[PDB]
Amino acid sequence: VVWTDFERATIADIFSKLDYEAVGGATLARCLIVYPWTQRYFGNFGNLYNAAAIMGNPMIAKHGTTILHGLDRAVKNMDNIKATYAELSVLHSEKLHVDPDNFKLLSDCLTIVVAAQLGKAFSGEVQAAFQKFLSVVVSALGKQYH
């Protein structure tokens, strides 16, 4: 992948503006509520009976923070994302067997959480750079056949 300057700086700017714990937790909660079959991957993560239960789950808040810091890792290694994610790819595919469409679902929840926070600053060109970044990330997390 080849980053333009706008893409590179948009990505750094977006993350510089995010509370990783706040955004992480909202994002993962959002995904387990809007797409409930994703709960099954997180079987030992406490109570997930209902919206309000997912919302007050300390473990889901903790893991949302982890996801966001995992993303920040790609932001710190923009030109080496595949390699940076090689171990994460193996976990999510070989051990956890996460169907790749779930990566897109979680990505979409993040975008909408980000959209609601940044408002008018989260423009089409900005969402463009953010989607390109998530696309690269999602591609690096999926099974590597090459």
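Throughout, we count residues from 1 along the sequence that is shown.
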Practice task
Output yes if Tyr49 is unmodelled in at least a third of the other compared entries of this protein, no if it is modelled in all of them.
Solution key: yes
Problem - Average Cα temperature factor in the PDB entry - higher stretch of 45-53, 30-38 - result: 45-53
Handout entry: 55-63 or 102-110, whichever carries the higher mean Cα B-factor
Key = 55-63
Exercise for the section: Using the B-factors in the PDB entry, rank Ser123's C-alpha atom against the chain and give the third, lowest, middle or highest. Expected result: middle
Exercise for the section: Using the B-factor values recorded in the entry, state whether the Cα atom of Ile11 falls in the lowest, middle or highest third among the modelled residues of its chain. Expected result: highest
